[PDB]
Every structure is written in C-alpha cells, then in structure tokens.
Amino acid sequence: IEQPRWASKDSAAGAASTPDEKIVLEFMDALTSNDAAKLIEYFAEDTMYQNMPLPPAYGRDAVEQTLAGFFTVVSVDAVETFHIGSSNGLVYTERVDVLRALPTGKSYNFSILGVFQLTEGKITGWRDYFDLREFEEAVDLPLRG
C-alpha cells in the first residue's frame, strides 16, 4: 500500500493532537486483532456502528455481535490511515483496509472514509463509507441491504 498522490501531511496519522484523535488511531491499530471481545471495550453502551448504507447496529451488544460475525468470515489484514482529523465532536479517518475472505483466501482493498463520535473517550458512533460492490463477495454473510 503506497501513499496516494493526494495525501496531505498536515492531516497525517502521525500528527494526531486531540485525545479523541489518538484513541481512534489506537482503535484502527486494534482492528487487525480480528477480536470482537477486545474491540468492544472501545465502545459506550450507547453507541452505533454502520457500514453505509447497510442496516446499522445500535447498542454495544449489537455492535459486538456484528463484529464477531464479520471475523468469522473475514480477516482485517491491514489498515493504512492516510489522514486523521476532527471537528465539532467528530473524528475523521481517510484510509484503506485490506480484508481477506477466510473461506477463499481472496484479498480486497477498500478505500474508506470513516467518521467516529466519542463521548468521554468511548465510541458512541462509527460509520464507514466505501464501495460495497466487492463487500458482498468479500464477506460471506447476507448484507441486509
């Protein structure tokens, strides 16, 4: 994974400089764990997670069940964050995630722009925006949308 031409240094991952910005980058690092039990600790009881525009998960239980299900069929091999930034309580991450389908071994790069809302240091919202054309095939589970 190369740095893209449009990558700007003023917003690079290495220059995170709010606590919310730093917690999110930690969370990006933990994605490769493929471990919902570990990942769920970042969330508040009042929280949400959505791969747009698939049906969102609301509540920590739903998020955990959703993440646990994903890791049954796909591995997060790599996460490259190009930009981190934040504004009006929201944090933004422009990045690429590399995903590998466990049953096939096929890998997939997904260009992603994610938004996270934090309250007292814990995720109360996480929405990822990307192309789901290959996501159906990458994730051997029905999308629900």
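From 1 onward, residues are counted along the sequence shown.
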inquiry  = Per the record, averaged over C-alpha atoms, which has the higher B-factor: 18 to 26 or 125 to 133?
reply    = 18 to 26
ask   = Which is higher on average in the deposited entry, the C-alpha temperature factors of 37 to 45 or of 86 to 94?
value = 37 to 45
ask   = Lowest, middle or highest third: where is residue 67 by Cα B-factor in its chain?
value = lowest
CA B-factor ranking of residue 101, expressed as a third of its chain = lowest
remark   = In terms of its chain's C-alpha B-factors, the third that includes residue 51 is the lowest
inquiry  = Where does the C-alpha B-factor of residue 81 rank in its chain, lowest, middle or highest third?
reply    = lowest
ask   = When the modelled residues of the chain are sorted by Cα temperature factor, does residue 117 land in the lowest, middle or highest third?
value = middle
